[PDB]
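Below you'll find the structure, written out as C-alpha coordinates, and then a few comments.
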Amino acid sequence: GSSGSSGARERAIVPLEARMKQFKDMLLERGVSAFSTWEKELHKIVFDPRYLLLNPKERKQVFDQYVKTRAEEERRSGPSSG
(Lines of atoms letter the chains of each structure in order from A; the text may use other names.)
(Lines give C-alpha, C1' and ligand atoms only; values in the text may rest on other atoms or scores of the structure.)
Protein backbone atom coordinates (compact mmCIF):
# COMPACT_ATOMS: atom_id res chain seq x y z
CA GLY A 644 0.00 0.00 0.00
CA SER A 645 1.68 3.16 1.27
CA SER A 646 -0.20 5.03 -1.46
CA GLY A 647 -0.29 8.82 -1.39
CA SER A 648 2.54 10.54 0.47
CA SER A 649 1.30 11.02 4.03
CA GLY A 650 2.71 14.55 4.07
CA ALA A 651 6.50 14.66 3.97
CA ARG A 652 7.31 17.83 5.90
CA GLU A 653 10.35 18.24 3.64
CA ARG A 654 10.82 18.01 -0.12
CA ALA A 655 13.38 15.22 -0.50
CA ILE A 656 14.15 14.69 3.19
CA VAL A 657 12.40 11.89 5.08
CA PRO A 658 10.55 12.99 8.24
CA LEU A 659 11.81 12.31 11.77
CA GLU A 660 9.15 9.64 12.30
CA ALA A 661 10.35 7.99 9.09
CA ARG A 662 14.10 7.78 9.74
CA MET A 663 13.47 7.14 13.44
CA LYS A 664 11.23 4.21 12.51
CA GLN A 665 13.95 2.67 10.35
CA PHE A 666 16.62 2.77 13.04
CA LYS A 667 14.22 1.42 15.67
CA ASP A 668 13.28 -1.36 13.24
CA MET A 669 16.85 -2.62 12.94
CA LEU A 670 17.48 -2.03 16.64
CA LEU A 671 14.85 -4.62 17.57
CA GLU A 672 15.33 -6.82 14.51
CA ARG A 673 19.12 -7.08 14.66
CA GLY A 674 18.47 -8.12 18.24
CA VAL A 675 20.08 -5.24 20.11
CA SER A 676 20.21 -6.61 23.66
CA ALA A 677 18.98 -4.18 26.31
CA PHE A 678 21.37 -5.29 29.05
CA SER A 679 24.36 -4.42 26.87
CA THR A 680 26.67 -1.50 26.10
CA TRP A 681 26.28 1.06 23.32
CA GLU A 682 29.70 -0.06 22.10
CA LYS A 683 28.70 -3.64 21.29
CA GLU A 684 25.34 -2.71 19.77
CA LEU A 685 27.02 0.16 17.92
CA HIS A 686 29.39 -2.11 15.99
CA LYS A 687 26.44 -4.47 15.48
CA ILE A 688 24.61 -1.70 13.62
CA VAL A 689 27.70 0.19 12.45
CA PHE A 690 27.95 -1.77 9.20
CA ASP A 691 24.31 -0.87 8.57
CA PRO A 692 23.33 1.73 5.94
CA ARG A 693 20.28 2.99 7.83
CA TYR A 694 22.73 3.89 10.59
CA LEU A 695 23.93 6.73 8.36
CA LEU A 696 20.39 8.06 7.96
CA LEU A 697 20.07 9.40 11.50
CA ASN A 698 22.36 11.87 13.26
CA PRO A 699 25.22 10.60 15.45
CA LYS A 700 23.77 12.10 18.63
CA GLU A 701 20.24 10.86 18.00
CA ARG A 702 21.36 7.28 17.38
CA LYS A 703 22.52 7.12 21.00
CA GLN A 704 19.45 8.97 22.27
CA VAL A 705 16.96 6.70 20.51
CA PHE A 706 19.09 3.75 21.63
CA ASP A 707 19.09 4.68 25.31
CA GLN A 708 15.31 5.12 25.41
CA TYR A 709 14.83 1.92 23.41
CA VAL A 710 16.86 -0.03 25.98
CA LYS A 711 15.05 1.54 28.94
CA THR A 712 11.67 0.35 27.67
CA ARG A 713 13.15 -3.01 26.65
CA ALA A 714 14.37 -3.49 30.22
CA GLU A 715 11.28 -2.22 32.04
CA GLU A 716 9.09 -4.54 29.98
CA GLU A 717 10.50 -7.19 32.32
CA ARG A 718 8.55 -5.88 35.32
CA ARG A 719 5.50 -7.26 33.51
CA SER A 720 4.70 -10.94 34.04
CA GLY A 721 5.72 -11.58 30.44
CA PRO A 722 4.56 -12.01 26.83
CA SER A 723 2.76 -15.16 27.98
CA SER A 724 -0.87 -15.27 26.83
CA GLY A 725 -3.63 -17.63 27.91
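In the deposited numbering, the protein residues as written are 644 to 725.
C-beta: ideal position from N, C-alpha, C; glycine also.
Identify which residue in the options has its Cα closest to the Cα of residue i.
| i | options | result |
| --- | --- | --- |
| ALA677 | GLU716, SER720 and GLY725 | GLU716 |
| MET669 | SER723, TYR694, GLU701 and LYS700 | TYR694 |
| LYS711 | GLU701, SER679, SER649 and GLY644 | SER679 |
| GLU682 | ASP707, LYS667, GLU672 and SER724 | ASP707 |
For residue i, does the count of other Cβ atoms within 10 angstroms reach 16, so buried, or fall short, so exposed?
| i | result |
| --- | --- |
| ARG702 | buried |
| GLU672 | exposed |
| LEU659 | exposed |
Exercise for review: Examine the Cβ distances between the region 674-692 and the region 650-660 and report whether three or more of them are shorter than 8 Å.
Suggested key: no
Practice item. Please go through the region 647-712 and give each complete beta strand (DSSP E) segment of 3 or more residues, from N-terminal end onward. Key: Taken in chain order, the whole beta strand (DSSP E) runs of length 3 or more contained in the region 647-712 number zero.
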